[PDB]
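So this first bit is one chain, no partners, the form deposited in one PDB entry, shown in structure tokens.
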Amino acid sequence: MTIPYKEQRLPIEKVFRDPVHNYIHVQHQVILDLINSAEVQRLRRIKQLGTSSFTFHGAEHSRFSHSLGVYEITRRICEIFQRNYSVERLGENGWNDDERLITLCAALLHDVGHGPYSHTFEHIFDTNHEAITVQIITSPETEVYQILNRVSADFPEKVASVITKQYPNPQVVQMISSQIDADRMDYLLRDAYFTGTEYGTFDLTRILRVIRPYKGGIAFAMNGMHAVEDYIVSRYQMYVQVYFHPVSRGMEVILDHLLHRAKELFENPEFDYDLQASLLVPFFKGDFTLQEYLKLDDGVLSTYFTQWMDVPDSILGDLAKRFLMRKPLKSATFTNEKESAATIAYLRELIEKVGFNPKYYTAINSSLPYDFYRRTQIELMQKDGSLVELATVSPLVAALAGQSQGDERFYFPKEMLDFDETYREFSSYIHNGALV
């Protein structure tokens, strides 16, 4: 006729079953094609909770299922915006539905650049998922780009501009990235379910009941303050029980140390014949291609780690064992970085005498909460027209904003708390997961 690619609908609404949202609804051809693109399909083979998933049994949900979730919350929000908060009846403070497609695409593609065990992988190799996401969307060698380009020649650039917070419409940008966006709302609910963290679940329906657009972006009806508060508390709960949880952090250290060791053996003339990890080679060399990056996923790396147990290097072989047996390093807390630097260095010698290289079996670690402007880093609430920020009306949120925790952890093998005179000497400086 021809119906433009923008407006193409499915004969019948496609659906995806979901434990968090019940059903993911797909009705645009573009969205379906985006979902079926190699780039987005790759996310099925990548765990949302990287190393942290090994902390809770069964929490191996993929980044793909999270992406669909953000997409789903987003369309629920756009549907709410059109039915009762359009430009047609609110003017400048209204929502333009012509923005529906782009926000849906950005929602779904917001995490395409992640890669396996993203956070840890991101440190060892100089990669950046936010930039790769934008790269995937804007470079022609991608199925995502080819799909977007069919919407309009300038569409790939515009979708990318939403992700980088440069898109001219704030309502679109904040729906995908703010202090209370579709992205955050999804992973908090999704990670809460899979890890079984009961206190991590908040009521999404209440928040959706009060969500609203306005001139400068996205606001929430004043009366829904406590529903927003419940979201803040749930965010706090996920942070302490799941994200900054000690044993999940002990898992990141092991993976970090495993990859470090792998890279050092590779750069060394004769320390490891050939570790057979062809897909990691371009990364060890520091000369990687986009296509080479897209070939990587959790399954690919797990295969290599399993193979590294045979590698004639005690350190590498032992770390791969500890990673696959899902046993992280144990830890203890401390406040003084300089005053307790003597105690740390001392018990590091004790770890050597036993047979553990402190560079690989020890670590010092420390750590994003809600804090009003010092902007777009605040959630706003509408009274009778005007806008006020959350911490100004919520003593609870104001309390958690000023609460900053300088948590400092010291890692070591669990086997230190089990020729036995040294173990007795070591455990003497640790009482209830804290230094003495």
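Residue indices: 1-based, along the sequence shown. Definition used throughout: the rigid core is the maximal C-alpha set that superposes within 1.5 Å between two forms.
Here the subject shifts to the form deposited in another entry, a form of this protein not shown in this document.
J.: Pick from 239, 304, 271, 85: whose Cα moves by 2 Å or more between the shown form and the other one, rigid core superposed?
T.: Among the listed residues, the outlier is 271.
J.: Cα of residue 383 displaced 2 Å or more between the shown form and the other one, core superposed?
T.: Yes, because once the rigid core is superposed, the C-alpha of residue 383 moves 2 Å or more between the shown form and the other one.
J.: With a threshold of 2 Å on the C-alpha, tell me if residue 32 counts as moved between the shown form and the other one once the core is superposed.
T.: No; residue 32 is a residue whose C-alpha shifts by less than 2 Å between the shown form and the other one when the cores are overlaid.
J.: So, does residue 401 move by 2 Å or more at the CA between the shown form and the other one, with the core held fixed?
T.: Yes.
J.: Any idea whether residue 272 and residue 359 get closer or farther by CA distance in that other deposited form, knowing it moves 3 angstroms or more?
T.: Their C-alpha distance grows by at least 3 Å in that other deposited form.
J.: Over in the other structure, so in that other deposited form, do residue 390 and residue 383 pull closer or drift farther apart at the C-alpha level? The difference is 3 angstroms or more.
T.: Residue 390 and residue 383 sit farther apart in that other deposited form.
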